[PDB]
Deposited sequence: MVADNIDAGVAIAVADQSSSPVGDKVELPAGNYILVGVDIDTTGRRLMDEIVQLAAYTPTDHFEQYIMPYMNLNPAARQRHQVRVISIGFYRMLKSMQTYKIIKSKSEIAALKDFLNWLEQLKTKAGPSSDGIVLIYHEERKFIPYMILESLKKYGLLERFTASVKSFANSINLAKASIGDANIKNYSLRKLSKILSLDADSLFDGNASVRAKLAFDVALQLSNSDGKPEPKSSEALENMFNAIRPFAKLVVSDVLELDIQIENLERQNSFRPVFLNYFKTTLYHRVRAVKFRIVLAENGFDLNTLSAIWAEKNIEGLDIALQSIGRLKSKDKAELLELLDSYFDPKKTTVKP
């Protein structure tokens, strides 16, 4: 990443799962001067692990689906994914505009062990053909988990929070808006240890900064055993079984409703 006058924004997302084929439920961004968050209505419902992590679930009142916070048991207002991304893109542009012509874009800062957040956001932008507009405002993604390891993998955003006393019973780390802020605050105090303090932060984040194009490239690349030995009839079907299961993201009988052999072989374990 080349040097210059960049804006720093912490980002994180709540999702229905940890796979690329899963969906975004919340998109959150933070700066000390401005913050953005929007809940998004997903196609699918949240699995048990997703409801546990974000404490949000989809409920149905007949035809009407809605997000409900498990904390307050109240309704979360939400938008479509496309609608929220436009709101996100409009918000990012205001940030760059507010910095003047001198600003050379925005650097999004996230904090996680496995690279996932940037891929999901980019995959959704490439979904609706909004990547070009995004490139105008944002110039790089940068993982901040590296600074922790450098100044101390197995450095959870929750653990660091306790160290710097940023943790609060009032703040739930399952919410993306909290993690976006904590990603920033953690990256702020460690980069240092007002205006001047931020200057130190860019320089500390530069090494781990990656160009958007680099991720878009890494995104594309990221995007029945016993049967293969016996005979041809079995071999063709196993490849069919491996492909069909993989596409759908892999009650057993109901989904299939021939395929019982898959169920018996799936019953086999």
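Where are the gaps relative to the deposited sequence?
Coordinates drop out over 1-27, 180-184, 226-232, 263-274, 302-316, 324-328, 341-353.
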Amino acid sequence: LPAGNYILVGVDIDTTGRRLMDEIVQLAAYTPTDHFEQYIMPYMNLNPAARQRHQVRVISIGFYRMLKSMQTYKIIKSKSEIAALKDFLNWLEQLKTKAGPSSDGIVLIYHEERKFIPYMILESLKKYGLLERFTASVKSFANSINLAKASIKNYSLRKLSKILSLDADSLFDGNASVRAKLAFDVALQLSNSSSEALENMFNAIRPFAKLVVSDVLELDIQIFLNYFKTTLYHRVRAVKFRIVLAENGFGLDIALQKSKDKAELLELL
From here on, numbers count along this sequence of modelled residues.
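I need to verify one thing: averaged over C-alpha atoms only, is the B-factor higher for 70-78 or for 90-98?
Taking the mean B-factor of the alpha carbons in each, 90-98 is higher.
Regarding 235-243 and 50-58, which shows the higher C-alpha temperature factor on average in the entry?
Between 50-58 and 235-243, it is 235-243 that shows the higher mean C-alpha B-factor.
Using the entry's values, work out which of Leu108, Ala180, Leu125, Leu198 has the largest Cα B factor.
In this record, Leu198 carries the highest C-alpha B-factor of the candidates.
Most elevated Cα B-factor in the entry, residues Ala255, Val11, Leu20, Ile24
Highest CA B-factor of the listed options: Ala255.
Chain third (lowest, middle, highest) by recorded CA B-factor, residue given as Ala83:
Its C-alpha B-factor belongs to the lowest third of this chain's values.
Could you place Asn45 in the lowest, middle or highest third of its chain by Cα temperature factor, using the values in the record?
CA B-factor rank for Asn45: lowest third.
Can you work out whether the C-alpha temperature factor of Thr230 puts it in the lowest, middle or highest third of the chain?
It belongs to the highest third of the chain when residues are ordered by C-alpha B-factor.
Quick one: classify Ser194 as lowest, middle or highest third of the chain based on its Cα B-factor.
Answer is highest: the recorded C-alpha B-factor places it there.
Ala176, C-alpha B-factor rank within chain (lowest, middle or highest third):
Lowest third - that is where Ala176 ends up once the chain's C-alpha B-factors are sorted.
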